[PDB]
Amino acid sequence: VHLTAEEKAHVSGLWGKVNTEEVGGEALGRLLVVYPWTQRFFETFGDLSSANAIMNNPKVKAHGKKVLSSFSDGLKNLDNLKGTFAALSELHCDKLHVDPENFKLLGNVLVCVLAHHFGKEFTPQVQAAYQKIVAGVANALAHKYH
């Protein structure tokens, strides 16, 4: 995504205040709780039986953190998203076989999480710009599949 300078400001303005530890973790857990088939990919992580188990699972949090740092690196290369996510695309396509459809799901869980943390400050306009990022991250993660 080429974002307009207004959108870029809305996004980067809010990113600056995200506890990248908490949030990476909550978005991943919620992914495994809400779309539970996603648990199949994370079997070596421990008990993923109950919502609580998933939200408190240490390995889930740690992986949350990588996911988000990956997102953070994304925010730095906004106008080369496809090349910035080249390597993660191959890994997810050819090594792990995660259908491209789940990336838009994680984007959506991610957006819900940011709404949950920032309530009133997550205004419709700010949301419009995050939908554009997440959509762009998702497309960039899908390059090698098509």
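All residue numbers are counted from 1 along the displayed sequence.
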As the entry reports it, the stretch among 34 to 42 and 54 to 62 with higher mean C-alpha B factor is 54 to 62
1 to 9 set against 135 to 143, stretch whose average Cα temperature factor tops the other in the entry
1 to 9
Just the C-alpha B-factor column, please: which of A87, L78, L110, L68 has the biggest number?
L78
Going by the entry, which third of its chain does the Cα temperature factor of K82 land in?
highest
For the chain shown, is the CA B-factor of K95 in the lowest, middle or highest third of its modelled residues?
highest
Going by the recorded CA B-factors, say which third of the chain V23 sits in, lowest, middle or highest.
highest
